[PDB]
Amino acid sequence: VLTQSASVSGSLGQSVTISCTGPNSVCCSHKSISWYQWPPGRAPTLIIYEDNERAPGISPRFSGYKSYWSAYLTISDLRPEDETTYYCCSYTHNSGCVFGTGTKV
Amino acid sequence: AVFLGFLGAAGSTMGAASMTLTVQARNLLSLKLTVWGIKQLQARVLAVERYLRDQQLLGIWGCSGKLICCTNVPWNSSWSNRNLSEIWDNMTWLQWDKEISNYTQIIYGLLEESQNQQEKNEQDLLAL
Amino acid sequence: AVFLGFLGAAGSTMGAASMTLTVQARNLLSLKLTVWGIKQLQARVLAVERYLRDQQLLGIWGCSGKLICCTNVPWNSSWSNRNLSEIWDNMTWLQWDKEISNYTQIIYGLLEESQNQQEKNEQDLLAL
Amino acid sequence: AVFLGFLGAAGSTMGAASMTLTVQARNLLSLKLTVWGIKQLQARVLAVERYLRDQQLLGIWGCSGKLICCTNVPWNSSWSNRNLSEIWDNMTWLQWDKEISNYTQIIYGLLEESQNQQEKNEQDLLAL
Amino acid sequence: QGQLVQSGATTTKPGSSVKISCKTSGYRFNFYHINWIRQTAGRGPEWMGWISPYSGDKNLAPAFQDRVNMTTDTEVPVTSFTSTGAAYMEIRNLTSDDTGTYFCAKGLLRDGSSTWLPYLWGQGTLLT
Ligand SMILES: *[C@@H]1O[C@H](CO)[C@@H](O[C@@H]2O[C@H](CO)[C@@H](O[C@@H]3O[C@H](CO[C@H]4O[C@H](CO)[C@@H](O)[C@H](O[C@H]5O[C@H](CO)[C@@H](O)[C@H](O)[C@@H]5O)[C@@H]4O)[C@@H](O)[C@H](O[C@H]4O[C@H](CO)[C@@H](O)[C@H](O)[C@@H]4O)[C@@H]3O)[C@H](O)[C@H]2NC(C)=O)[C@H](O)[C@H]1NC(C)=O
Ligand SMILES: *[C@@H]1O[C@H](CO)[C@@H](O[C@@H]2O[C@H](CO)[C@@H](O[C@@H]3O[C@H](CO[C@H]4O[C@H](CO)[C@@H](O)[C@H](O[C@H]5O[C@H](CO)[C@@H](O)[C@H](O)[C@@H]5O)[C@@H]4O)[C@@H](O)[C@H](O[C@H]4O[C@H](CO)[C@@H](O)[C@H](O)[C@@H]4O)[C@@H]3O)[C@H](O)[C@H]2NC(C)=O)[C@H](O)[C@H]1NC(C)=O
Ligand SMILES: *[C@@H]1O[C@H](CO)[C@@H](O[C@@H]2O[C@H](CO)[C@@H](O[C@@H]3O[C@H](CO[C@H]4O[C@H](CO)[C@@H](O)[C@H](O[C@H]5O[C@H](CO)[C@@H](O)[C@H](O)[C@@H]5O)[C@@H]4O)[C@@H](O)[C@H](O[C@H]4O[C@H](CO)[C@@H](O)[C@H](O)[C@@H]4O)[C@@H]3O)[C@H](O)[C@H]2NC(C)=O)[C@H](O)[C@H]1NC(C)=O
Ligand SMILES: *[C@@H]1O[C@H](CO)[C@@H](O)[C@H](O)[C@H]1NC(C)=O
Ligand SMILES: *[C@@H]1O[C@H](CO)[C@@H](O)[C@H](O)[C@H]1NC(C)=O
Ligand SMILES: *[C@@H]1O[C@H](CO)[C@@H](O)[C@H](O)[C@H]1NC(C)=O
Ligand SMILES: *[C@@H]1O[C@H](CO)[C@@H](O)[C@H](O)[C@H]1NC(C)=O
Ligand SMILES: *[C@@H]1O[C@H](CO)[C@@H](O)[C@H](O)[C@H]1NC(C)=O
Ligand SMILES: *[C@@H]1O[C@H](CO)[C@@H](O)[C@H](O)[C@H]1NC(C)=O
Ligand SMILES: *[C@@H]1O[C@H](CO)[C@@H](O)[C@H](O)[C@H]1NC(C)=O
């Protein structure tokens with residue numbers, strides 16, 4: 001129900017802008033958005049939470065943004081280790097996170 | 001409401017315990033020379049000494065009679081690079097003092113001269 | 001003028017005695033172990049203790065160094081339904097404490113948290 | 001910079017020493033009954049007494065927690081007819097106290113009632 | 001720090017009910033929720049539910065409303081801020097369509113709006 005992006009890529013030095021949106025059920029103005037860097041079949045990683053706040057240790061090139069209808073995840077200054085699958089997820093303070101479909105970068 | 005008591009929020013988050021400061025503030029201060037009498041007199045002079053050393057530092061920082069005073073000394077990230085949400089909504093005041101313990105003397109000087117210079121600036125502004 | 005001396009306005013009206021507060025304020029604080037020496041040492045430690053307990057309450061109310069501080073705690077008429085003119089131009093501070101004595105502990109808590117919350121509000125206002 | 005230490009500017013000009021006040025401010029305050037134990041206990045009770053007498057005068061003047069507070073008492077030239085440049089850029093705090101010593105008690109009363117009346121005026125202004 | 005070692009990656013067949021273990025270290029096990037996340041192959045990653053090692057309160061997705069039993073045992077104090085815990089996961093009407101890698105992840109913060117958020121994950125376990 002939280003339709004992410006199909007996929008895309010850039011190049012070493014450029015940037016990416018992943019998307020994430022849905023209906024009034026899981027998006028957006030009354031929900032927070034978190035983005036997980038999730039290699040397939042491995043331990044995931046919390047990149048940002050609360051729409052744009054990064055986790056401790058996340059590179060400043062990772063940036064989040066939430067419009068009134070869609071949340072974005074920019075990945076500036078690409079590096080080799082960025083070839084992973086990213087997932088957004090929407091949540092409130094007293095619920096669970098409805099993850100997104102997925103996006104191969 | 002809650003009212004956890006004296007030191008009741010010692011295991012609570014720093015942001016939670018920062019709302020019950022009067023609880024610990026009021027318990028910081030409240031002759032025959034026998035073995036018990038000498039013992040009690042030492043407990044009395046020690047309490048007033050410890051209470052006034054903290055009030056002295058609170059004075060040379062421009063924080064007299066304040067439970068929460070804001071300063072002008074910026075936070076050198078070399079002290080703690082943690083963010084606000086992972087400090088006030090995560091750590092407790094006990095473990096916070098455990099990792100800020102090395103730099104507590106560095107900060108106590110920056111607040112001391114920032115107040116000495118501020119009161120010198122305030123006198124210059126009221127000189128007209 | 002007048003200058004009635006230390007406690008000179010103890011029989012005066014509350015509004016009259018409320019103008020001679022510095023008179024009582026300055027007299028609140030001003031080794032051989034003989035029978036007189038132990039006696040004098042007890043008089044010294046007792047005076048500093050009593051003086052600092054009042055300064056402590058004066059601090060957790062936001063009244064540090066104030067002879068007359070105004071608060072934000074409204075006057076619950078169940079404490080005393082008397083009017084202002086029949087209090088300041090009638091009663092003395094002695095008999096006033098006699099009829100407000102039951103509620104003096106209730107008021108001391110309302111002033112304590114009104115200051116804890118005010119300094120929490122002031123930090124939020126200076127956060128921008 | 002400089003940092004002359006505790007009392008390091010005792011021979012410096014009054015304007016120079018007036019910038020190193022925190023240096024002297026922090027050193028104003030920091031049980032077996034043997035001949036040394038009774039000696040040390042007297043040193044402890046004496047330090048807290050002397051420290052609080054100055055903080056008491058600093059309170060009845062509206063100068064709580066201030067290293068430099070400005071008052072409303074004008075300078076009666078009969079105290080010292082010297083000009084500002086021949087005081088702050090000439091005299092030392094030691095010799096200044098030597099020639100202002102007679103009138104130090106006169107000034108201590110003018111500051112005491114100027115604060116008692118100011119807090120009475122502030123209550124009247126917040127009565128609306 | 002913090003670690004969450006998970007159980008073995010053995011396999012069963014439909015109709016059964018397996019238990020998944022998650023052993024914690026390097027952090028107070030009672031201070032953060034424990035989340036259970038599923039990464040199936042024929043579906044997007046799903047959040048199964050979190051449970052409180054401190055309050056025992058559990059909350060899971062309605063897709064696992066009456067099919068999953070989440071339990072945690074009490075912690076073992078190692079130091080003042082370090083303990084060891086364990087979290088357990090079970091399935092009821094189990095088939096072979098729930099095949100995938102299963103993870104356990106502790107909460108993010110102790111307070112705020114991102115309290116339970118799966119922050120620190122385990123290595124995962126392969127299933128049927
Ligand atoms: C000791 O240490 C423990 C563990 O660290 C502390 O427990 C944690 O406390 C914090 C803050 O109090 C909790 O964060 C809050 O989490 C709630 C989520 O719970 C809500 O949702 C539940 C499931 O949906 C629901 O069952 C709850 O409703 C009642 O039921 C339980 C049954 O056990 C009952 O215990 C509850 O008390 C409820 O009565 C509950 O509604 C979330 O709602 C909070 O968000 C609100 O508050 C924050 C500010 O706190 C605010 O920013 C938000 O906008 C929102 O308004 C908040 O996130 C945490 O869940 C607790 N548990 C952990 C971390 O495991 C404990 O407080 C410490 N005590 C002391 C004295 O130190
Ligand atoms: C101890 O307790 C006693 C008794 O309670 C106190 O005495 C009372 O003091 C109050 C305030 O000081 C008095 O209220 C004032 O009353 C005067 C009225 O007196 C005037 O009129 C007289 C007749 O017309 C006149 O003779 C007076 O003139 C002089 O003569 C007498 C001779 O004895 C002399 O004693 C006087 O001192 C005069 O020098 C006098 O002018 C009234 O004028 C006052 O009103 C003014 O002041 C109020 C503020 O106080 C102000 O609001 C008004 O607008 C106005 O400006 C005031 O009402 C009271 O009369 C006294 N007697 C009682 C109550 O029986 C005594 O003060 C207490 N002392 C201590 C130390 O506690
Ligand atoms: C103890 O007591 C002594 C004696 O009273 C004090 O010494 C006096 O200190 C004051 C303030 O510090 C001095 O006033 C200043 O005078 C200088 C003039 O010197 C300048 O010019 C020299 C010749 O042109 C030059 O050589 C100097 O340059 C260096 O060389 C000397 C070599 O010895 C070295 O010692 C210097 O330190 C220099 O590094 C020097 O540049 C004048 O420039 C000052 O004016 C500036 O500062 C004032 C404020 O102070 C400001 O208002 C002005 O606008 C301007 O910016 C200032 O007038 C005085 O000359 C000293 N000597 C006396 C009085 O005989 C000593 O300070 C006391 N110490 C303590 C700890 O109490
Ligand atoms: C932080 O402190 C160190 C010394 O403790 C100093 O060298 C550095 O310049 C400071 N940096 C900032 C940003 O304050
Ligand atoms: C404080 O200093 C000690 C000195 O050995 C060091 O071991 C410790 O890591 C320091 N802590 C911080 C937070 O700098
Ligand atoms: C006065 O205090 C009583 C309890 O002492 C309380 O029940 C009442 O609501 C208060 N009323 C006002 C007006 O403050
Ligand atoms: C205070 O409490 C006592 C308790 O016996 C009571 O007798 C007295 O009337 C009370 N006074 C007031 C002013 O409420
Ligand atoms: C100075 O003080 C004297 C008494 O010490 C006084 O008579 C005189 O009026 C005062 N003058 C000024 C200007 O304050
Ligand atoms: C202070 O009083 C003494 C009294 O003998 C006098 O000798 C001295 O000159 C006075 N000093 C001043 C500055 O008035
Ligand atoms: C989970 O398992 C425990 C094992 O003893 C059991 O007691 C408990 O009832 C189970 N939970 C539910 C919801 O049945």
# chains A, B, ... in the order shown; residues from 1 in each chain; ligands from 1
>>> residues_near_ligand(ligand="ligand 2", cutoff="8 Å", atoms="only C-alpha atoms and all ligand atoms", output="ChimeraX atom specification")
/C:4,8-13,16
>>> residues_near_ligand(ligand="ligand 4", cutoff="10 Å", atoms="only C-alpha atoms and all ligand atoms", output="PyMOL selection string")
chain B and resi 73-79+103+106-107
>>> write_last_selection(atoms="N, CA, C and O atoms", output="CSV table (one decimal), in the first residue's frame")
chain,number,residue,atom,x,y,z
B,73,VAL,N,27.8,29.2,26.3
B,73,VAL,CA,28.9,28.4,25.9
B,73,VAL,C,28.4,27.3,24.9
B,73,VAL,O,27.6,26.5,25.3
B,74,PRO,N,28.9,27.3,23.7
B,74,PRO,CA,28.4,26.3,22.7
B,74,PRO,C,29.0,25.0,23.0
B,74,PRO,O,30.0,24.8,23.7
B,75,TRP,N,28.2,24.0,22.5
B,75,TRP,CA,28.6,22.6,22.8
B,75,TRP,C,29.7,22.1,21.9
B,75,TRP,O,29.4,21.8,20.7
B,76,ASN,N,30.9,22.0,22.4
B,76,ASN,CA,32.0,21.4,21.7
B,76,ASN,C,31.7,19.9,21.5
B,76,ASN,O,31.6,19.2,22.4
B,77,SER,N,31.5,19.5,20.2
B,77,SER,CA,31.1,18.1,19.9
B,77,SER,C,32.1,17.1,20.4
B,77,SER,O,31.8,15.9,20.5
B,78,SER,N,33.4,17.5,20.6
B,78,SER,CA,34.3,16.6,21.2
B,78,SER,C,34.0,16.1,22.6
B,78,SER,O,34.5,15.1,23.1
B,79,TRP,N,33.1,16.9,23.3
B,79,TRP,CA,32.6,16.4,24.6
B,79,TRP,C,31.7,15.2,24.4
B,79,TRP,O,31.9,14.1,25.0
B,103,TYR,N,35.3,16.0,30.8
B,103,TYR,CA,35.2,17.4,30.3
B,103,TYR,C,34.4,18.2,31.3
B,103,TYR,O,34.1,19.4,30.9
B,106,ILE,N,36.5,21.2,32.1
B,106,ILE,CA,36.6,22.2,31.0
B,106,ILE,C,35.4,23.1,30.9
B,106,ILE,O,35.5,24.3,30.7
B,107,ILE,N,34.2,22.5,31.0
B,107,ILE,CA,33.0,23.3,30.9
B,107,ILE,C,32.8,24.3,32.0
B,107,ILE,O,32.4,25.4,31.8
>>> select_by_dssp(residues="chain C", states="alpha helix (DSSP H)", output="number ranges by chain")
C: 14-17, 21-25, 35-59, 85-88, 93-99, 104-125
>>> residues_around(residues="residue 63 of chain A", least_positions_apart="5", cutoff="7 Å", atoms="only C-alpha atoms", output="ChimeraX atom specification")
/A:52,73-75
>>> residues_around(residues="segment 15-32 of chain A", least_positions_apart="5", cutoff="10 Å", atoms="only C-alpha atoms", output="mmCIF file with C-alpha atoms, in the first residue's frame")
data_model
loop_
_atom_site.group_PDB
_atom_site.id
_atom_site.type_symbol
_atom_site.label_atom_id
_atom_site.label_comp_id
_atom_site.auth_asym_id
_atom_site.auth_seq_id
_atom_site.Cartn_x
_atom_site.Cartn_y
_atom_site.Cartn_z
ATOM 1 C CA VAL A 1 0.000 0.000 0.000
ATOM 2 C CA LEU A 2 3.084 2.180 0.520
ATOM 3 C CA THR A 3 4.292 2.268 -3.077
ATOM 4 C CA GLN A 4 8.031 2.963 -3.122
ATOM 5 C CA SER A 5 10.068 3.390 -6.316
ATOM 6 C CA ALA A 6 10.833 0.921 -9.087
ATOM 7 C CA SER A 7 14.606 1.499 -9.068
ATOM 8 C CA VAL A 8 17.404 3.758 -10.401
ATOM 9 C CA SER A 9 21.136 4.443 -10.077
ATOM 10 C CA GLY A 10 23.656 7.222 -10.553
ATOM 11 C CA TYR A 49 13.866 8.227 11.224
ATOM 12 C CA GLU A 50 11.158 10.818 11.886
ATOM 13 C CA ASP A 51 11.102 11.851 8.207
ATOM 14 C CA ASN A 52 14.645 13.247 8.120
ATOM 15 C CA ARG A 61 25.026 12.685 2.570
ATOM 16 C CA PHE A 62 21.908 10.662 3.419
ATOM 17 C CA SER A 63 18.996 13.094 3.707
ATOM 18 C CA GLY A 64 15.252 12.643 4.120
ATOM 19 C CA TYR A 65 12.363 14.890 3.120
ATOM 20 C CA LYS A 66 8.596 14.510 3.499
ATOM 21 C CA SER A 67 6.094 16.417 1.395
ATOM 22 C CA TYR A 68 2.414 16.436 2.326
ATOM 23 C CA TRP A 69 1.863 13.409 0.061
ATOM 24 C CA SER A 70 5.208 11.651 -0.431
ATOM 25 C CA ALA A 71 8.437 11.081 1.496
ATOM 26 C CA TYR A 72 11.818 11.149 -0.242
ATOM 27 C CA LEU A 73 15.286 9.774 0.510
ATOM 28 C CA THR A 74 18.272 11.416 -1.177
ATOM 29 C CA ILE A 75 21.651 9.671 -1.314
ATOM 30 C CA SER A 76 24.269 12.275 -2.221
ATOM 31 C CA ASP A 77 27.895 11.499 -3.132
ATOM 32 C CA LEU A 78 27.510 7.834 -4.059
ATOM 33 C CA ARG A 79 30.028 5.152 -3.072
ATOM 34 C CA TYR A 86 16.137 0.358 0.420
ATOM 35 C CA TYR A 87 12.750 0.221 2.140
ATOM 36 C CA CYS A 88 10.662 3.027 3.596
ATOM 37 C CA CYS A 89 8.236 2.452 6.444
ATOM 38 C CA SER A 90 5.490 4.578 8.002
ATOM 39 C CA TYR A 91 4.685 4.599 11.708
ATOM 40 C CA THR A 92 3.209 6.520 14.618
ATOM 41 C CA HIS A 93 4.323 6.576 18.248
ATOM 42 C CA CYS A 97 5.983 0.282 10.785
ATOM 43 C CA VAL A 98 4.194 -0.565 7.540
ATOM 44 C CA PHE A 99 7.202 -1.111 5.295
ATOM 45 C CA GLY A 100 7.345 -0.161 1.634
ATOM 46 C CA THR A 101 7.550 -2.266 -1.507
ATOM 47 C CA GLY A 102 11.271 -1.810 -2.193
ATOM 48 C CA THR A 103 13.801 -0.020 -4.382
ATOM 49 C CA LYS A 104 17.003 -1.459 -5.850
ATOM 50 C CA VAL A 105 19.724 1.176 -6.122
ATOM 51 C CA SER E 113 7.917 9.311 18.996
ATOM 52 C CA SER E 114 10.374 6.673 17.721
#
>>> interface_residues(of="chain D", to="chain B", cutoff="8 Å", atoms="only C-alpha atoms", output="PyMOL selection string")
chain D and resi 19+21-22+25-26+29-32+44-45+48+64-70
>>> interface_residues(of="chain E", to="chain A", cutoff="8 Å", atoms="only C-alpha atoms", output="PyMOL selection string")
chain E and resi 39+44-47+49-50+59-61+101+103+112-115+117-124
>>> residues_near_ligand(ligand="ligand 7", cutoff="12 Å", atoms="only C-alpha atoms and all ligand atoms", output="short mmCIF file (atom, residue, chain, number, x, y, z; two decimals) with N, CA, C and O atoms, in the first residue's frame")
data_model
loop_
_atom_site.label_atom_id
_atom_site.label_comp_id
_atom_site.auth_asym_id
_atom_site.auth_seq_id
_atom_site.Cartn_x
_atom_site.Cartn_y
_atom_site.Cartn_z
N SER C 77 -9.26 31.30 48.29
CA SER C 77 -9.95 32.00 49.37
C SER C 77 -10.22 31.11 50.58
O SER C 77 -10.52 31.62 51.66
N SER C 78 -10.13 29.79 50.42
CA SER C 78 -10.25 28.89 51.56
C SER C 78 -9.11 29.07 52.55
O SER C 78 -9.24 28.66 53.71
N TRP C 79 -7.99 29.65 52.11
CA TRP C 79 -6.91 29.98 53.04
C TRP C 79 -7.32 31.12 53.96
O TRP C 79 -7.28 30.99 55.19
N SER C 80 -7.72 32.25 53.38
CA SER C 80 -8.23 33.38 54.16
C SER C 80 -9.12 34.21 53.25
O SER C 80 -8.65 34.75 52.25
N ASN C 81 -10.40 34.32 53.60
CA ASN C 81 -11.36 35.09 52.82
C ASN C 81 -11.32 36.58 53.13
O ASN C 81 -12.16 37.33 52.61
N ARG C 82 -10.37 37.02 53.95
CA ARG C 82 -10.27 38.44 54.28
C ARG C 82 -9.86 39.25 53.06
O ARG C 82 -9.17 38.77 52.16
N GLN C 95 -0.36 37.78 64.08
CA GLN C 95 -1.67 37.15 64.05
C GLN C 95 -2.04 36.64 62.67
O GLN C 95 -2.89 35.74 62.56
N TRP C 96 -1.44 37.18 61.61
CA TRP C 96 -1.68 36.65 60.27
C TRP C 96 -1.12 35.25 60.14
O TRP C 96 -1.81 34.33 59.67
N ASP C 97 0.14 35.05 60.54
CA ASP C 97 0.72 33.72 60.59
C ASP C 97 -0.08 32.78 61.49
O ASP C 97 -0.04 31.56 61.28
N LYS C 98 -0.81 33.31 62.47
CA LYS C 98 -1.59 32.47 63.37
C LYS C 98 -2.79 31.84 62.67
O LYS C 98 -3.17 30.71 63.01
N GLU C 99 -3.40 32.54 61.71
CA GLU C 99 -4.57 32.01 61.02
C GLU C 99 -4.25 31.42 59.66
O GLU C 99 -5.08 30.69 59.11
N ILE C 100 -3.07 31.70 59.10
CA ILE C 100 -2.62 31.08 57.86
C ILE C 100 -1.69 29.90 58.13
O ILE C 100 -1.16 29.30 57.19
N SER C 101 -1.50 29.53 59.40
CA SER C 101 -0.51 28.51 59.76
C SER C 101 -0.86 27.14 59.19
O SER C 101 0.04 26.37 58.85
N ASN C 102 -2.15 26.81 59.10
CA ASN C 102 -2.53 25.49 58.61
C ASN C 102 -2.14 25.30 57.15
O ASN C 102 -1.70 24.21 56.76
N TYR C 103 -2.28 26.34 56.34
CA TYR C 103 -2.09 26.24 54.90
C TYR C 103 -0.71 26.68 54.44
O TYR C 103 -0.48 26.79 53.23
N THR C 104 0.22 26.93 55.37
CA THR C 104 1.55 27.38 54.96
C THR C 104 2.31 26.28 54.22
O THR C 104 3.15 26.58 53.37
N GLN C 105 2.02 25.01 54.52
CA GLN C 105 2.66 23.92 53.81
C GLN C 105 2.03 23.69 52.44
O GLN C 105 2.72 23.27 51.51
#
>>> atom_distance(atom1="atom CA of residue 6 of chain D", atom2="atom CA of residue 23 of chain D")
5.7 Å
>>> closest_atom_pairs(of="chain E", to="chain B", cutoff="7 Å", atoms="only C-alpha atoms", output="JSON lines")
{"residue": "E:109", "atom": "CA", "partner": "B:90", "partner_atom": "CA", "distance": 5.2}
{"residue": "E:110", "atom": "CA", "partner": "B:90", "partner_atom": "CA", "distance": 5.0}
{"residue": "E:111", "atom": "CA", "partner": "B:89", "partner_atom": "CA", "distance": 4.7}
{"residue": "E:112", "atom": "CA", "partner": "B:89", "partner_atom": "CA", "distance": 6.1}
>>> write_last_selection(atoms="C-alpha atoms", output="PDB file, in the first residue's frame")
ATOM      1  CA  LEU E 109      14.977   5.162  21.992  1.00  0.00           C
ATOM      2  CA  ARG E 110      13.483   4.978  25.474  1.00  0.00           C
ATOM      3  CA  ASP E 111      11.059   7.888  24.962  1.00  0.00           C
ATOM      4  CA  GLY E 112       9.625  10.147  22.287  1.00  0.00           C
TER       5      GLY E 112
END
>>> atom_distance(atom1="atom CA of residue 86 of chain E", atom2="atom CA of residue 21 of chain E")
6.7 Å
>>> interface_residues(of="chain A", to="chain B", cutoff="10 Å", atoms="only C-alpha atoms", output="ChimeraX atom specification")
/A:53-57
>>> select_by_dssp(residues="chain E", states="strand (DSSP E)", output="PyMOL selection string")
chain E and resi 3-6+19-25+34-40+46-51+58-60+68-77+83-91+100-106+120-121+125-126
>>> atom_distance(atom1="atom CA of residue 35 of chain E", atom2="atom CA of residue 18 of chain B")
29.0 Å
>>> residues_near_ligand(ligand="ligand 10", cutoff="12 Å", atoms="only C-alpha atoms and all ligand atoms", output="list in words")
residues 17, 19, 56, 57, 58, 59, 60, 64, 65, 66, 67, 68, 69, 70, 71, 72, 73, 87, 88, 89, 90, 91 and 92 of chain E
>>> decode(residues="segment 7-51 of chain A", atoms="C-alpha atoms", output="CSV table (one decimal), in the first residue's frame")
chain,number,residue,atom,x,y,z
A,7,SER,CA,14.6,1.5,-9.1
A,8,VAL,CA,17.4,3.8,-10.4
A,9,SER,CA,21.1,4.4,-10.1
A,10,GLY,CA,23.7,7.2,-10.6
A,11,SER,CA,27.5,7.3,-10.4
A,12,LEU,CA,30.3,7.8,-8.0
A,13,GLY,CA,29.9,11.5,-7.0
A,14,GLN,CA,26.3,12.0,-8.1
A,15,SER,CA,23.1,11.6,-6.1
A,16,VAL,CA,19.8,9.6,-6.0
A,17,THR,CA,16.3,10.4,-4.8
A,18,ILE,CA,14.2,7.5,-3.7
A,19,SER,CA,10.4,7.9,-3.3
A,20,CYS,CA,7.7,6.6,-1.1
A,21,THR,CA,4.0,7.4,-1.0
A,22,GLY,CA,0.5,6.0,-0.5
A,23,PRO,CA,-3.1,6.8,0.4
A,24,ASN,CA,-4.5,8.4,3.5
A,25,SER,CA,-4.0,5.0,5.2
A,26,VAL,CA,-0.2,5.2,5.6
A,27,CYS,CA,0.8,8.6,4.3
A,28,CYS,CA,1.9,11.1,5.2
A,29,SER,CA,1.2,14.3,7.1
A,30,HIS,CA,0.0,12.3,10.2
A,31,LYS,CA,2.7,9.7,10.1
A,32,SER,CA,6.5,9.5,10.4
A,33,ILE,CA,8.7,7.9,7.8
A,34,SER,CA,11.9,5.9,8.3
A,35,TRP,CA,14.3,4.5,5.7
A,36,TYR,CA,16.1,1.2,6.2
A,37,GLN,CA,19.2,0.2,4.2
A,38,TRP,CA,18.5,-3.5,3.8
A,39,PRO,CA,20.9,-5.8,1.9
A,40,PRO,CA,19.0,-8.8,0.8
A,41,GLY,CA,19.2,-11.6,3.4
A,42,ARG,CA,21.4,-9.7,5.9
A,43,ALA,CA,21.2,-7.4,9.0
A,44,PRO,CA,19.4,-4.2,8.0
A,45,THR,CA,20.4,-0.6,9.0
A,46,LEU,CA,18.3,2.4,10.2
A,47,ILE,CA,19.4,5.3,8.0
A,48,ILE,CA,16.9,8.0,9.0
A,49,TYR,CA,13.9,8.2,11.2
A,50,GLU,CA,11.2,10.8,11.9
A,51,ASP,CA,11.1,11.9,8.2
